[PDB]
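>>> sequence first, structure after, both from an experimental entry:
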Amino acid sequence: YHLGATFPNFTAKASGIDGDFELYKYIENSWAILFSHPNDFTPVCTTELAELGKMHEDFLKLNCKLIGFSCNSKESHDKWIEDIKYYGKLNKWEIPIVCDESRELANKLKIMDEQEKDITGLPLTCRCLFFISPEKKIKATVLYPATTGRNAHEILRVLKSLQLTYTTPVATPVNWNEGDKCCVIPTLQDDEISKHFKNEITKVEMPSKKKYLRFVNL
Amino acid sequence: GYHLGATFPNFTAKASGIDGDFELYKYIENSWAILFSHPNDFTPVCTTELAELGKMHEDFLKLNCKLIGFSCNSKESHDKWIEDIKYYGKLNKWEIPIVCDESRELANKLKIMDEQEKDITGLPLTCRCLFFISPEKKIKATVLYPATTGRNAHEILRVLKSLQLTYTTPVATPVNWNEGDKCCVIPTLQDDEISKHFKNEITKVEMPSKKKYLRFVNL
């Protein structure tokens, strides 16, 4: 699943609901982030899910769903959730965590961990991320191993960049955070700037004399 | 293509700063390596990323980790744009080899094409990929950011330190971990074997499930 591919629909069991979870129904007209984790009841996973449970409103208000995913059962997810709530000082769990016990979805998405296996000796997923647009396109991906917890701040920062550059002709520079100046895309002609920007462009002159180094403060 | 734990393939290519062929396995022998691509020379986000990694090059070399750049531009393009990068970063030299994939063979093989970005000729360009590669040529982590979205350079280093730490020690790093912070004991390490590996004591946190997996250790 290269960048720009269409993230496939699937139906699965999930935490906190009794019926079928269908992805496309859940994420219609929304950004989505689908994130996996190796095993329920393990420490790194608990810290990550507790953090994303805290940040869940920050995402929802940007019109972005969070969807969890592991190769554990529903009964595992539901019991483990009370651990995540306790660790994280949370009082309301809202992120659906998909179940993939058969590993069909994990094999199709190509997110298996290099190392981790459950108690039954069957393989488990790594820490994947898929950032998905309202049109079901994979805008960005990450595959972290079971050994290395994610940066939850980075997850919200990429999302903000993706949503900004979705509607405006800019790209966000190294280490950009919301509120910082961004870059004008290099193909945007100077005759074309005022149609798109209220504020002034800053030009930084380069030894090559090419005029591509332009910042804008939105 | 190249999932976690797969072997990163050898290649040989032209590169910035040298006039001979660059062979990947040669350059990274007995070394951690981070291979990072950018879409196009002479464009603004790319210049800021490369300046930053150039400033950070000593941080990486101290950890025994090679940085290797990559775009679908020629050598002549790379060499000239290097002077732009050096100017923007206030650098006096440049030592990261930037490989050339003008034919797009390597980028089609690595599956690092950007969804939208094209050059002046109409041909497609790479996204902003990262491959973290161990001394045995195994892919430990990857990231694919699009052209629209510059990477977090602090995060690249945080991940490398994490991958190096957990490579040799029975720990895993929790969410948002930085070097110096307590990390987690792997859930399968049993009690009898805890003091072979750890000088400092372990902290256990009680869970409603009464399971015993929530263990922190300060190294």
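Looks like it came in fine. Numbering: from 1, shown residues only, chains lettered A, B, ... in the order given.

>>> now residue A:173: how far from chain B?
Relative to chain B, residue A:173 is positioned 4 Å away (Cβ to the nearest Cβ, to the nearest Å). Any C-beta I mention is one placed from the backbone N, CA and C, and that applies to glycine too.

>>> neighbours around that residue, how many?
As a burial measure, residue A:173 scores 23 neighbours (other Cβ atoms under 10 Å in any protein chain shown).

>>> same question, the one 4 residues further on
Using other Cβ under 10 Å, the number of residues around residue A:177 comes to 12.

>>> for residue A:91, same thing?
So residue A:91, with other Cβ under 10 Å, has 6 neighbours.

>>> phi and psi next, for the spatially most central residue of chain A.
Centroid check for chain A by Cα atoms, centre = their mean gives residue A:33 as the closest residue, at 3.6 Å. Main-chain torsions, residue A:33, degrees, to the nearest 10: phi -120, psi 120.

>>> same thing with the one 4 residues further on?
Geometry field for residue A:37 lists phi and psi as phi -150, psi 150, criterion degrees, to the nearest 10.

>>> again, but for residue A:213
phi -90, psi 90.

>>> which one is it nearest to, not counting chain neighbours?
Distances taken as Cβ to Cβ, 6 or more residues apart in numbering or on different chains put residue A:204 closest to residue A:213, at 4.3 Å, once the chain neighbours are dropped.

>>> the one you found: neighbour count?
Residues near residue A:204, counting by other Cβ under 10 Å: 14.

>>> surely it touches residue A:212?
No - look at residue A:204 against residue A:212 with Cβ atoms under 8 Å: they stay out of range, at 9.5 Å.

>>> give me the beta-bridge partners of the residue nearest to residue A:112 when sequence neighbours are not counted?
Spatially, and ignoring its direct neighbours in sequence, residue A:112 is nearest to residue A:123 (5.2 Å; Cβ to Cβ, 6+ apart). Taking DSSP bridges as the rule, residue A:123 bridges to residue A:117.

>>> ok, now which ones touch residue A:123?
The contact partners of residue A:123, taken as Cβ atoms under 8 Å, 6 or more residues apart in numbering or on different chains, are A:71, A:103, A:106, A:112, A:113, A:116, A:117.

>>> in JSON lines, list the residues you listed along with secondary structure and neighbour count.
Converted to JSON lines, those look like this (DSSP: H, G, I helix; E, B strand; the rest coil; neighbours: other Cβ atoms under 10 Å in any protein chain shown):
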{"residue": "A:71", "secondary structure": "coil", "neighbour count": "29"}
{"residue": "A:103", "secondary structure": "coil", "neighbour count": "14"}
{"residue": "A:106", "secondary structure": "helix", "neighbour count": "22"}
{"residue": "A:112", "secondary structure": "strand", "neighbour count": "22"}
{"residue": "A:113", "secondary structure": "strand", "neighbour count": "26"}
{"residue": "A:116", "secondary structure": "strand", "neighbour count": "22"}
{"residue": "A:117", "secondary structure": "strand", "neighbour count": "13"}
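
>>> from those, which is closest to residue A:1?
residue A:106 (12.6 Å; Cβ to Cβ).

>>> strands along chain A, start to end?
For chain A, the strands defined by DSSP state E occupy A:11-12, A:21-22, A:31-35, A:64-70, A:97-99, A:112-117, A:123-125, A:127-132, A:138-144, A:170-171, A:182-184, A:201-203, A:214-216.

>>> ok so, going back, the residue nearest to the centre of chain A touches residue A:154, doesn't it?
No - using Cβ under 8 Å, residue A:33 is not in contact with residue A:154; the gap is 11.7 Å.

>>> how about residue A:203: what's its closest non-neighbour residue?
Residue A:203 sits nearest to residue A:214 (Cβ to Cβ, 6+ apart), 5.6 Å away.

>>> for residue A:132, name its beta-bridge partners.
Per DSSP bridges, the residues bridged to residue A:132 are residue A:32, residue A:138.

>>> ok, now which ones touch it?
Residue A:132 touches A:7, A:27, A:31, A:32, A:33, A:34, A:138, A:139, counting by Cβ under 8 Å, 6+ apart.

>>> most neighbours among those, please name it.
Busiest of the contacts of residue A:132 [other Cβ under 10 Å] is residue A:139, holding 27 neighbours.

>>> quick check: the gap between that residue and residue B:116.
10 Å (Cβ to Cβ, to the nearest Å).

>>> and what of residue A:85?
Using Cβ to Cβ, we find residue A:85 at a distance of 41 Å from residue B:116.

>>> what about the helices in chain A?
A:23-27, A:43-54, A:56-60, A:74-88, A:104-109, A:152-167 (DSSP state H).

>>> ok now the fifth one, how far from the chain's centre?
By that I understand helix A:104-109. 18 Å (Cα atoms, centre = their mean, to the nearest Å).
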